[PDB]
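The structure under discussion appears below in the form of structure tokens.
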Amino acid sequence: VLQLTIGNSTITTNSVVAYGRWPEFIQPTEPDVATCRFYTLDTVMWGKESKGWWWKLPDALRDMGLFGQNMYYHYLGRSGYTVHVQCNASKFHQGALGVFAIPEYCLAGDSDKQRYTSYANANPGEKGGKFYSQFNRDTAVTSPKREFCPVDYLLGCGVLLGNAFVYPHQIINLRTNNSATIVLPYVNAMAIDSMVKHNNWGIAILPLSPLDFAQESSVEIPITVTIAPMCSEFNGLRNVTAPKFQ
Amino acid sequence: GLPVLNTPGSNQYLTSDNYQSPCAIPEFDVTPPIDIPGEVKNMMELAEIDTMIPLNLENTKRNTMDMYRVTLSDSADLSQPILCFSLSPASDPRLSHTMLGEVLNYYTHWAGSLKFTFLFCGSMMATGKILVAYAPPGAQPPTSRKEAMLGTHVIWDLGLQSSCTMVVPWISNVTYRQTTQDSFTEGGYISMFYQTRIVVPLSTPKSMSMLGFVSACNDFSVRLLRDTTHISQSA
Amino acid sequence: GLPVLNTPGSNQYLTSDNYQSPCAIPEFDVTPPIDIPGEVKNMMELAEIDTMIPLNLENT
Amino acid sequence: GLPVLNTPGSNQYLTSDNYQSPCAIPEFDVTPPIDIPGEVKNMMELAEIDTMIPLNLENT
Amino acid sequence: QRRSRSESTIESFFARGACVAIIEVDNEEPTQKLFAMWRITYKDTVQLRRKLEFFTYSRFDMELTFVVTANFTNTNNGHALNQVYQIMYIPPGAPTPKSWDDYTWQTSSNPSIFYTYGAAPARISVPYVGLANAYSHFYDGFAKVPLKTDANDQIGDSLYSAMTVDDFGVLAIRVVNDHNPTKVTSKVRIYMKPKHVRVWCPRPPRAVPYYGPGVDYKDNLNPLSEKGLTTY
Amino acid sequence: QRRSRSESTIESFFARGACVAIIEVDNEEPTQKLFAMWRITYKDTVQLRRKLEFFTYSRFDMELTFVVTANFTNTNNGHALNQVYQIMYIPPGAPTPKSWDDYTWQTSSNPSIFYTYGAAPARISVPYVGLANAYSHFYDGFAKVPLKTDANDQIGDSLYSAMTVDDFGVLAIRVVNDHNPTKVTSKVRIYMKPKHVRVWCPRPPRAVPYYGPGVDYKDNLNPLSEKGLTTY
Ligand SMILES: CCCCCCCCCCCCC/C=C/[C@H](O)[C@H](N)CO
Ligand SMILES: CCCCCCCCCCCCC/C=C/[C@H](O)[C@H](N)CO
């Protein structure tokens with residue numbers, strides 16, 4: 001059994017390295033301990049009719065630990081991630097979770113106006129978001145929601161979810177593995193970029209096969225996403241950034 | 001000065017050419033490249049990546065999540081195949097839109113051994129044997145397991161391994177098949193049958209789904225770049 | 001740049017010429033040739049083959 | 001003479017180019033340069049010079 | 001012996017560029033001749049065909065030269081600026097244009113030429129794009145086989161001596177200029193010069209006029225003329 | 001194995017020049033089409049876009065080729081001498097022209113082409129002019145961040161997946177010839193051939209028609225067609 005320990009956080013179990021590149025550094029400010037903890041996101045229930053979940057990195061780790069504090073205080077920071085998606089399932093639970101790590105995971109909005117989604121709805125953080133079977137158009141012209149309308153089979157970006165495996169992916173197949181680990185290096189056009197506005201990665205937990213258990217009516221098991229910022233180094237220390245999330 | 005002779009083909013613009021051109025912005029200090037992960041040096045490197053196949057394409061399951069997973073069960077008939085599709089990675093509706101097929105639609109000729117990784121998404125207590133058979137063309141499609149086991153085939157135990165790699169070797173009369181659907185360069189027929197039905201104990205979902213991922217091998221290559229039929233632009 | 005002089009015969013197309021031309025499909029991995037029997041390297045090789053003559057050519 | 005092929009972009013004038021051109025006044029004995037002070041070899045040498053900023057920009 | 005076989009070589013025998021097609025392209029109003037897609041093949045003309053049917057298999061780096069000749073039609077006093085003709089390749093599978101103002105003319109991956117009228121004819125070389133190891137001038141088979149288990153006879157019904165329906169795609173020629181009231185009818189003549197020709201399994205040439213893209217023949221089956229048996 | 005990957009290379013995959021824009025420029029009288037400023041981007045056409053959206057980041061030395069096709073409009077018998085088209089670059093910040101007879105057309109530091117109609121299409125190479133170390137086909141962020149201390153929501157309101165408003169400036173095309181009574185409507189088609197292409201972080205291509213310059217989509221969300229589960 002694999003037991004990976006980083007900083008002051010240990011996770012017991014296969015792990016895959018995104019694009020075969022390990023997170024490594026490039027005077028940046030690198031907390032070797034305060035930012036290497038495996039911050040645990042909000043656990044999400046995998047309902048029988050669930051369509052999927054999506055988080056934005058490092059947006060997900062904006063309020064957890066000192067990583068978010070260094071991210072808001074500093075101007076521009078680069079950080080690799082280690083995403084451990086653990087789904088406790090019994091021998092009689094069937095299902096598969098595609099854990100995709102989309103670089104620059106641009107999602108589609110609900111309104112007819114292109115790229116009209118707001119910053120608050122595009123950066124939900126630890127909460128994340130969820131996919132939808134169809135594309136429900138925003139009809140509130142007086143007060144547009146300005147939120148994503150991610151579609152499962154379209155991956156929220158118009159591409160096919162079947163081809164989404166071009167990204168760094170890992171399949172949590174409850175019959176063979178109850179957890180998955182993806183080590184994402186800092187992927188960006190720039191050597192280092194502002195994290196408060198830019199989301200380096202996007203994690204998508206999509207049920208490739210529906211969850212069933214003993215022919216039960218409704219079955220829901222927990223899914224815990226634990227993200228660890230690896231080699232997170234920031235630069236441009238200045239006054240704290242307090243974004244408007246409404 | 002030097003006596004020259006304008007040959008036929010002058011003052012034309014061939015979109016596919018490597019002629020030099022004046023730099024519009026000379027002495028331009030470009031941004032130095034950094035070591036960005038995931039560098040792609042060839043398009044086939046994307047085809048080698050196994051990507052899930054829209055196997056099921058019924059009128060009610062296509063263009064949804066149901067199209068990627070194929071439902072197999074113990075109640076399912078063993079005489080009838082699980083799934084079947086021609087080995088047309090660029091013109092078959094199931095393989096055409098896969099990343100492999102997406103890259104092939106930009107080329108006219110393709111030649112290589114394919115790779116179909118079928119992943120089982122049933123319970124760990126669910127066991128069974130699936131016969132995955134590739135039958136080269138030129139004969140009746142394998143409508144039965146007795147006909148499918150005559151060609152290339154592999155038995156996949158659902159209990160031992162959750163994913164089976166059915167490698168389709170490159171067998172063809174022509175050195176390169178066409179990406180369109182045509183009977184001369186047709187690829188073959190991939191089918192799945194129940195060698196032994198799925199056996200599930202009590203308190204176990206009798207009907208389970210599975211996934212299929214198509215990929216290209218190292219020997220896979222393409223040529224005669226072209227425009228994909230997928231994308232369109234109303235004008 | 002280099003001063004050139006367009007000689008007579010420019011911008012013409014002589015069907016019998018060996019001028020170069022841009023490859024319409026560059027970096028094209030052609031199919032490697034195999035040893036097919038009966039390779040003809042010259043047209044006269046076909047003339048050397050004895051072929052029956054329509055000697056009789058009456059109207060019937 | 002030499003068979004040439006006019007590539008796309010011929011008979012155009014791109015303002016940003018380094019093509020040669022016929023000297024309109026050939027064999028012209030230009031005036032030899034002298035060591036004039038303050039030679040600028042790069043535009044950024046002018047940016048490096050600290051110049052006062054119009055900080056205050058009120059309407060008055 | 002002492003006389004060289006230079007002019008008789010296969011490279012020299014096909015060194016001439018042969019008109020393989022004449023494509024009529026108009027800039028008329030939307031009243032179908034706006035563009036034209038010609039299936040690339042030498043069998044539209046009989047001369048280069050017969051030169052190629054001399055052999056069973058061929059492998060040559062083709063060289064296509066487009067000579068565009070335009071005229072004013074339905075107008076005695078007609079005006080129009082110098083037209084630019086787009087000759088786009090649509091290999092088997094690439095989306096074919098359904099109209100003049102179609103997206104496929106963008107040529108994002110389809111190779112295309114933009115020939116300015118009055119300039120030198122548009123020449124381009126094409127390597128051996130054959131699927132097999134040699135071009136099959138003659139095919140003694142089919143593309144499908146009608147099996148006993150076929151639901152109907154049309155499932156396996158294929159054309160004899162026809163390998164692929166879309167042999168090598170279509171050449172789509174249009175006038176890039178907008179549709180002007182003055183109709184300019186243009187004829188693009190495509191001349192095919194096989195280069196680096198390697199031929200295999202020679203065949204006697206067709207003595208009767210061609211009939212279609214196969215070896216069929218309908219009439220004019222009298223190649224030899226009347227001549228005495230003992231008349232020199 | 002033995003078959004080469006030459007045609008599959010990234011340099012070969014983008015070796016084709018793709019129409020990225022069609023600019024309509026007229027020489028009409030001052031009655032707005034005298035000149036036209038097109039924001040330089042490949043997202044006006046979907047083919048080259050989709051080819052680029054195959055990857056997240058790119059670094060390529062572009063090659064733009066302008067094919068100008070002119071016609072006589074509103075005149076059956078129209079005359080005009082050979083026109084010269086000025087294609088001027090206006091990078092982000094350079095003053096844009098407000099009229100045809102504007103000073104900015106002097107091109108003292110803006111690179112510009114003067115293409116004589118009927119000549120070879122105007123080709124020019126452009127290096128990687130990206131600010132970052134690679135072009136960002138996809139951006140999962142914004143340009144501004146709405147802060148708690150902002151006076152209003154529009155201070156930090158920015159478009160999603162939009163880095164800069166003036167991405168890479170505008171291409172301003174005009175007819176250098178004086179406005180003649182005979183109106184000559186011209187279409188300048190810009191063809192983009194990425195050279196020295198280096199791509200990073202591949203992405204699956206868009207299976208649904210594009211909708212705007214982002215990854216949004218409105219209709220035609222049915223890429224796959226109906227097909228039996230066990231039908232070959
Ligand atoms: C402006 C771009 C035009 C590109 C033109 C290249 C098209 C390549 C097709 C050439 C193939 C013709 C030679 C092959 C002939 C075949 O053997 C016969 N049709 C019978 O098999
Ligand atoms: C006649 C002078 C014309 C000079 C033309 C040079 C303009 C340079 C702009 C080329 C940049 C286009 C390639 C970049 C594409 C971007 O990545 C996408 N718009 C999204 O980021």
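Every chain in the structure tokens takes a letter, A first, then B, and so on in the order presented; its residues are numbered from 1, and the ligands are numbered from 1 following the presented order.
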
So which residues are near ligand 2, meaning at most 9 Å away with only C-alpha atoms and all ligand atoms counted, given back as a PyMOL selection string? (chain B and resi 23-25) or (chain D and resi 14-16) or (chain F and resi 40-43+49+52+57-64+66+86-91+110-114+122-130+134-139+162-164+167-173+192+194+213)

Written file, previous selection with C-alpha atoms, as a compact mmCIF listing (two decimals), in the first residue's frame:
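The result, written out as selection-v1.txt:
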```
# COMPACT_ATOMS: atom_id res chain seq x y z
CA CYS B 23 9.82 39.66 -41.53
CA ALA B 24 7.18 42.31 -40.87
CA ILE B 25 8.70 43.16 -37.49
CA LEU D 14 6.54 46.10 -46.84
CA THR D 15 7.60 49.18 -44.90
CA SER D 16 9.50 46.89 -42.50
CA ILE F 40 -6.05 40.25 -35.74
CA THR F 41 -7.23 36.85 -34.53
CA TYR F 42 -7.87 33.39 -35.92
CA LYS F 43 -11.22 33.08 -34.13
CA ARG F 49 -9.12 27.89 -34.66
CA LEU F 52 -5.14 25.51 -32.64
CA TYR F 57 -0.42 26.75 -25.54
CA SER F 58 1.37 27.57 -28.78
CA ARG F 59 4.49 29.36 -29.98
CA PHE F 60 4.70 29.83 -33.74
CA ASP F 61 6.24 32.29 -36.19
CA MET F 62 3.13 33.26 -38.13
CA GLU F 63 3.06 33.90 -41.88
CA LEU F 64 0.24 36.11 -43.19
CA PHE F 66 -3.11 38.65 -48.22
CA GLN F 86 -2.27 49.60 -47.77
CA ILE F 87 -2.33 46.92 -45.08
CA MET F 88 -1.00 48.68 -41.98
CA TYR F 89 -0.36 47.07 -38.61
CA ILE F 90 -1.68 48.92 -35.57
CA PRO F 91 -0.30 47.06 -32.56
CA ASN F 110 3.87 50.93 -37.87
CA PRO F 111 4.82 48.16 -40.33
CA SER F 112 2.72 48.31 -43.47
CA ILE F 113 2.44 46.59 -46.84
CA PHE F 114 1.53 48.32 -50.10
CA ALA F 122 1.27 39.99 -50.07
CA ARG F 123 3.14 37.63 -47.74
CA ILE F 124 4.94 38.61 -44.55
CA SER F 125 6.39 36.61 -41.66
CA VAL F 126 5.81 37.65 -38.05
CA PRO F 127 7.78 36.23 -35.11
CA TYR F 128 6.24 35.10 -31.83
CA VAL F 129 4.93 38.46 -30.62
CA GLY F 130 3.26 36.98 -27.56
CA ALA F 134 3.63 30.88 -25.20
CA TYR F 135 0.36 31.84 -26.82
CA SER F 136 -2.62 31.13 -24.58
CA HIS F 137 -5.35 29.61 -26.72
CA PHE F 138 -7.26 29.01 -23.47
CA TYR F 139 -7.30 31.22 -20.38
CA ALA F 162 -10.03 37.24 -22.18
CA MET F 163 -6.47 38.32 -21.41
CA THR F 164 -6.25 41.71 -23.14
CA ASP F 167 -4.96 41.27 -28.01
CA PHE F 168 -2.50 42.00 -30.83
CA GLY F 169 -3.78 45.20 -32.41
CA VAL F 170 -5.78 45.75 -35.57
CA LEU F 171 -4.91 45.34 -39.24
CA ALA F 172 -6.09 48.44 -41.12
CA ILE F 173 -6.60 47.94 -44.85
CA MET F 192 -2.42 32.46 -41.56
CA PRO F 194 1.87 29.11 -38.37
CA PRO F 213 -14.20 34.03 -29.14
```

Least-squares superpose chain D onto chain C - every C-alpha atom, paired in order - and show me the moved coordinates as a compact mmCIF listing (two decimals) with N, CA, C and O atoms, in the first residue's frame.
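Wrote result-v6.txt, looks like this:
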```txt
# COMPACT_ATOMS: atom_id res chain seq x y z
N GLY D 1 16.60 43.68 -53.94
CA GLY D 1 17.58 42.59 -53.68
C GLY D 1 18.48 42.34 -54.87
O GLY D 1 19.06 43.27 -55.43
N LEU D 2 18.60 41.08 -55.25
CA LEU D 2 19.46 40.71 -56.37
C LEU D 2 18.83 41.20 -57.67
O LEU D 2 17.70 40.82 -57.98
N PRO D 3 19.51 42.03 -58.45
CA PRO D 3 18.93 42.48 -59.73
C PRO D 3 18.86 41.34 -60.73
O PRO D 3 19.89 40.78 -61.12
N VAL D 4 17.65 41.01 -61.15
CA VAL D 4 17.42 39.94 -62.11
C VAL D 4 16.85 40.54 -63.39
O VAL D 4 16.45 41.70 -63.44
N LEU D 5 16.83 39.73 -64.44
CA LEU D 5 16.38 40.16 -65.76
C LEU D 5 15.51 39.06 -66.34
O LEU D 5 16.01 38.00 -66.72
N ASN D 6 14.21 39.31 -66.42
CA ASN D 6 13.28 38.31 -66.94
C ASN D 6 13.53 38.12 -68.43
O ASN D 6 13.21 39.00 -69.24
N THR D 7 14.11 36.99 -68.79
CA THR D 7 14.41 36.70 -70.18
C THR D 7 13.14 36.31 -70.92
O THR D 7 12.14 35.91 -70.31
N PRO D 8 13.14 36.43 -72.25
CA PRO D 8 11.99 35.97 -73.02
C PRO D 8 11.73 34.49 -72.77
O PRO D 8 12.65 33.68 -72.71
N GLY D 9 10.46 34.16 -72.62
CA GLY D 9 10.06 32.84 -72.20
C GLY D 9 9.63 32.74 -70.76
O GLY D 9 9.57 31.63 -70.23
N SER D 10 9.36 33.86 -70.11
CA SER D 10 8.96 33.88 -68.71
C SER D 10 7.44 33.95 -68.61
O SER D 10 6.76 34.48 -69.50
N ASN D 11 6.92 33.40 -67.52
CA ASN D 11 5.49 33.35 -67.27
C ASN D 11 4.76 32.52 -68.32
O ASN D 11 3.56 32.72 -68.55
N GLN D 12 5.47 31.61 -68.97
CA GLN D 12 4.90 30.68 -69.92
C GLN D 12 4.85 29.29 -69.30
O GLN D 12 5.48 29.02 -68.28
N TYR D 13 4.09 28.41 -69.95
CA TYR D 13 4.01 27.01 -69.54
C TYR D 13 4.34 26.15 -70.75
O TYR D 13 3.49 25.94 -71.62
N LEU D 14 5.57 25.66 -70.81
CA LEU D 14 5.99 24.70 -71.82
C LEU D 14 5.76 23.30 -71.28
O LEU D 14 6.39 22.89 -70.30
N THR D 15 4.85 22.56 -71.92
CA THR D 15 4.50 21.23 -71.42
C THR D 15 5.73 20.35 -71.28
O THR D 15 5.75 19.45 -70.43
N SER D 16 6.76 20.58 -72.08
CA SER D 16 7.98 19.78 -72.05
C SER D 16 9.06 20.60 -71.35
O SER D 16 9.86 21.28 -71.98
N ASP D 17 9.07 20.53 -70.02
CA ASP D 17 10.07 21.22 -69.22
C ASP D 17 10.28 20.45 -67.93
O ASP D 17 9.45 19.63 -67.53
N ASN D 18 11.39 20.74 -67.27
CA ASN D 18 11.77 20.06 -66.04
C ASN D 18 11.94 21.05 -64.90
O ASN D 18 12.76 20.85 -64.00
N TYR D 19 11.17 22.13 -64.92
CA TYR D 19 11.25 23.13 -63.87
C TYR D 19 10.69 22.59 -62.56
O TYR D 19 9.77 21.76 -62.54
N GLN D 20 11.25 23.06 -61.46
CA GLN D 20 10.78 22.68 -60.15
C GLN D 20 9.45 23.36 -59.85
O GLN D 20 9.06 24.33 -60.50
N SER D 21 8.75 22.84 -58.85
CA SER D 21 7.45 23.36 -58.47
C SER D 21 7.23 23.11 -56.99
O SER D 21 7.77 22.14 -56.44
N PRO D 22 6.45 23.95 -56.32
CA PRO D 22 6.20 23.74 -54.89
C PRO D 22 5.43 22.46 -54.64
O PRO D 22 4.43 22.18 -55.31
N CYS D 23 5.89 21.68 -53.67
CA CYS D 23 5.18 20.47 -53.29
C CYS D 23 3.87 20.85 -52.61
O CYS D 23 3.87 21.50 -51.56
N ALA D 24 2.76 20.45 -53.22
CA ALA D 24 1.45 20.80 -52.68
C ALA D 24 1.19 20.13 -51.34
O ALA D 24 0.44 20.67 -50.52
N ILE D 25 1.78 18.97 -51.11
CA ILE D 25 1.55 18.22 -49.88
C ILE D 25 2.91 17.94 -49.25
O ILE D 25 3.45 16.83 -49.42
N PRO D 26 3.50 18.89 -48.55
CA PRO D 26 4.86 18.71 -48.04
C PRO D 26 4.91 17.74 -46.88
O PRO D 26 3.91 17.47 -46.20
N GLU D 27 6.11 17.20 -46.66
CA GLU D 27 6.35 16.24 -45.58
C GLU D 27 5.37 15.08 -45.67
O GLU D 27 4.76 14.67 -44.69
N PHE D 28 5.24 14.54 -46.88
CA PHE D 28 4.28 13.50 -47.19
C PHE D 28 5.00 12.16 -47.24
O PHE D 28 5.85 11.93 -48.11
N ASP D 29 4.66 11.27 -46.31
CA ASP D 29 5.32 9.97 -46.19
C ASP D 29 4.73 9.03 -47.24
O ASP D 29 3.77 8.30 -46.99
N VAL D 30 5.34 9.04 -48.43
CA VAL D 30 4.82 8.21 -49.51
C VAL D 30 4.96 6.74 -49.16
O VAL D 30 5.75 6.34 -48.30
N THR D 31 4.20 5.92 -49.87
CA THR D 31 4.26 4.48 -49.67
C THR D 31 5.54 3.93 -50.27
O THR D 31 5.84 4.20 -51.44
N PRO D 32 6.33 3.16 -49.52
CA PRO D 32 7.59 2.66 -50.05
C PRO D 32 7.34 1.70 -51.21
O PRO D 32 6.40 0.89 -51.16
N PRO D 33 8.15 1.76 -52.26
CA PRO D 33 7.94 0.86 -53.39
C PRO D 33 8.36 -0.56 -53.07
O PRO D 33 9.31 -0.80 -52.31
N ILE D 34 7.66 -1.51 -53.67
CA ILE D 34 7.98 -2.92 -53.55
C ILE D 34 8.50 -3.42 -54.89
O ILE D 34 8.37 -2.75 -55.92
N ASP D 35 9.09 -4.61 -54.88
CA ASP D 35 9.67 -5.20 -56.08
C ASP D 35 8.55 -5.86 -56.88
O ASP D 35 8.31 -7.06 -56.80
N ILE D 36 7.87 -5.04 -57.66
CA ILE D 36 6.80 -5.53 -58.53
C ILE D 36 7.42 -6.11 -59.79
O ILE D 36 8.27 -5.44 -60.41
N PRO D 37 7.05 -7.31 -60.21
CA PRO D 37 7.63 -7.87 -61.44
C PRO D 37 7.26 -7.04 -62.66
O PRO D 37 6.30 -6.28 -62.67
N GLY D 38 8.06 -7.22 -63.71
CA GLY D 38 7.78 -6.58 -64.98
C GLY D 38 8.00 -5.09 -65.00
O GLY D 38 7.22 -4.36 -65.62
N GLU D 39 9.04 -4.61 -64.33
CA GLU D 39 9.34 -3.19 -64.35
C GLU D 39 9.89 -2.79 -65.71
O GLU D 39 10.79 -3.44 -66.24
N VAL D 40 9.34 -1.73 -66.28
CA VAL D 40 9.76 -1.21 -67.57
C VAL D 40 10.54 0.07 -67.32
O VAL D 40 10.01 1.03 -66.76
N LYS D 41 11.80 0.08 -67.75
CA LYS D 41 12.65 1.25 -67.61
C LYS D 41 12.74 2.06 -68.89
O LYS D 41 13.27 3.18 -68.86
N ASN D 42 12.24 1.54 -70.01
CA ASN D 42 12.29 2.23 -71.28
C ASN D 42 11.16 1.73 -72.16
O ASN D 42 10.80 0.55 -72.11
N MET D 43 10.61 2.64 -72.96
CA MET D 43 9.49 2.27 -73.83
C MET D 43 9.90 1.26 -74.88
O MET D 43 9.09 0.41 -75.28
N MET D 44 11.14 1.33 -75.36
CA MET D 44 11.59 0.40 -76.38
C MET D 44 11.62 -1.03 -75.87
O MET D 44 11.55 -1.97 -76.67
N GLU D 45 11.72 -1.22 -74.56
CA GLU D 45 11.61 -2.57 -74.00
C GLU D 45 10.28 -3.21 -74.37
O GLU D 45 10.19 -4.44 -74.45
N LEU D 46 9.25 -2.40 -74.60
CA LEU D 46 7.97 -2.92 -75.06
C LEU D 46 8.00 -3.22 -76.55
O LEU D 46 7.33 -4.15 -77.01
N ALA D 47 8.76 -2.44 -77.32
CA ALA D 47 8.88 -2.71 -78.74
C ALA D 47 9.68 -3.98 -79.00
O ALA D 47 9.41 -4.70 -79.97
N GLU D 48 10.67 -4.27 -78.16
CA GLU D 48 11.46 -5.48 -78.32
C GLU D 48 10.62 -6.74 -78.16
O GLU D 48 11.02 -7.81 -78.62
N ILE D 49 9.46 -6.64 -77.51
CA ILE D 49 8.59 -7.79 -77.32
C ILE D 49 7.88 -8.08 -78.63
O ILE D 49 7.17 -7.22 -79.17
N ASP D 50 8.07 -9.29 -79.15
CA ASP D 50 7.45 -9.68 -80.41
C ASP D 50 5.95 -9.81 -80.22
O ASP D 50 5.48 -10.58 -79.38
N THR D 51 5.19 -9.06 -81.01
CA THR D 51 3.74 -9.05 -80.94
C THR D 51 3.15 -9.35 -82.31
O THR D 51 3.62 -8.83 -83.33
N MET D 52 2.11 -10.18 -82.33
CA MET D 52 1.53 -10.65 -83.57
C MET D 52 1.09 -9.48 -84.44
O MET D 52 0.64 -8.44 -83.94
N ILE D 53 1.21 -9.65 -85.74
CA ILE D 53 0.97 -8.59 -86.72
C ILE D 53 -0.40 -8.82 -87.36
O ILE D 53 -0.68 -9.95 -87.78
N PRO D 54 -1.25 -7.81 -87.47
CA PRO D 54 -2.45 -7.96 -88.29
C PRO D 54 -2.11 -8.01 -89.77
O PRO D 54 -2.40 -7.08 -90.53
N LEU D 55 -1.49 -9.11 -90.19
CA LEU D 55 -1.03 -9.23 -91.57
C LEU D 55 -2.19 -9.14 -92.55
O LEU D 55 -2.24 -8.24 -93.39
N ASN D 56 -3.14 -10.06 -92.46
CA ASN D 56 -4.30 -10.03 -93.33
C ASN D 56 -5.24 -8.90 -92.92
O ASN D 56 -5.63 -8.81 -91.75
N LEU D 57 -5.59 -8.04 -93.87
CA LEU D 57 -6.45 -6.89 -93.59
C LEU D 57 -7.49 -6.72 -94.68
O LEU D 57 -7.79 -5.60 -95.10
N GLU D 58 -8.07 -7.82 -95.15
CA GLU D 58 -9.13 -7.72 -96.13
C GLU D 58 -10.39 -7.16 -95.49
O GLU D 58 -10.54 -7.13 -94.26
N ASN D 59 -11.32 -6.72 -96.34
CA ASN D 59 -12.54 -6.09 -95.85
C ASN D 59 -13.37 -7.03 -94.98
O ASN D 59 -14.14 -6.56 -94.14
N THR D 60 -13.22 -8.34 -95.16
CA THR D 60 -13.99 -9.32 -94.42
C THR D 60 -13.19 -10.00 -93.31
O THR D 60 -13.79 -10.63 -92.44
```

Of A:98, A:162, A:125, A:243, the one nearest to chain B when counting only C-alpha atoms is A:162

Computed gap from CA of residue 117 (chain F) to CA of residue 70 (chain F) is 8.2 Å

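Between CA of residue 48 (chain A) and CA of residue 94 (chain B) there is a distance of 26.0 Å.
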
**OP:** Give the strand (DSSP E) residues of region 16-228 of chain F, as assigned by DSSP on the backbone, as a ChimeraX atom specification.
**Re:** /F:18-25,35-39,55-72,84-90,112-116,122-126,135-136,170-175,184-192,195-202

Between CA of residue 45 (chain E) and CA of residue 184 (chain B) lies a distance of 25.3 Å

**Q.** 7 Å contact set for residue 34 (chain F), only C-alpha atoms, chain neighbours under 3 positions out, as a ChimeraX atom specification
**A.** /F:25-28,100,174

Find the spatial neighbours of region 202-208 of chain A, counting only C-alpha atoms, within a cut-off of 8 Å - ignore same-chain residues fewer than 3 positions away - and output them as a VMD selection string. (chain A and resid 50 to 57 95 to 105 152 199 211) or (chain B and resid 65 68 to 69 211)

Write the selection just made, keeping C-alpha atoms, as a short mmCIF file (atom, residue, chain, number, x, y, z; two decimals), in the first residue's frame?
```
data_model
loop_
_atom_site.label_atom_id
_atom_site.label_comp_id
_atom_site.auth_asym_id
_atom_site.auth_seq_id
_atom_site.Cartn_x
_atom_site.Cartn_y
_atom_site.Cartn_z
CA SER A 50 -25.02 12.92 -10.26
CA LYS A 51 -23.44 14.41 -13.38
CA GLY A 52 -20.05 15.53 -12.07
CA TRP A 53 -18.11 18.18 -10.18
CA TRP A 54 -15.47 20.72 -11.14
CA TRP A 55 -12.98 22.76 -9.14
CA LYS A 56 -10.48 25.41 -10.23
CA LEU A 57 -6.90 25.39 -9.01
CA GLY A 95 -18.94 2.98 -10.85
CA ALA A 96 -16.10 4.92 -12.38
CA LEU A 97 -14.93 8.47 -11.73
CA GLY A 98 -12.93 10.17 -14.43
CA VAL A 99 -10.61 12.59 -12.65
CA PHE A 100 -9.40 14.92 -15.38
CA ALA A 101 -6.89 17.73 -14.85
CA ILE A 102 -7.62 20.22 -17.63
CA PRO A 103 -4.91 22.87 -18.13
CA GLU A 104 -6.68 26.20 -18.53
CA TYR A 105 -10.09 24.64 -17.89
CA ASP A 152 -21.07 16.48 -18.64
CA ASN A 199 -6.70 29.31 -12.49
CA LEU A 211 -23.16 4.52 -9.31
CA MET B 65 -23.24 10.33 -20.87
CA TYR B 68 -19.82 6.45 -23.61
CA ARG B 69 -20.81 3.46 -21.45
CA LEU B 211 -16.07 1.91 -21.19
#
```

Report task. Name the residues in contact with residue 150 (chain F) at a cut-off of 12 Å, using only C-alpha atoms, excluding same-chain residues fewer than 4 positions from it; report them as a ChimeraX atom specification. Result -> /A:241-244 /F:144-146,154-157

Problem - Exercise answer, chain B residues close to chain A, 8 Å and only C-alpha atoms, as a PyMOL selection string - result: chain B and resi 34+36-38+46+49-54+63-65+68-69+98-99+121-125+162+202-206+208-211

Query raised in the report: Got a sec to tell me which of region 11-54 of chain C DSSP assigns to helix (DSSP H, G or I), as a PyMOL selection string?
Result: chain C and resi 44-47

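Nearest residue to chain C among E:22, E:68, E:176, E:165 is E:68, counting only C-alpha atoms.
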
- request: Please provide the set of residues having any atom within 9 Å of residue 81 (chain A), restricted to only C-alpha atoms, with same-chain residues fewer than 2 positions apart removed, written as number ranges by chain.
  value: A: 23, 57-58, 79, 83, 182-186, 201, 227-232

Min atom-atom distance to ligand 1 from the set B:80, B:91, B:21, B:108, counting only C-alpha atoms and all ligand atoms, belongs to B:108
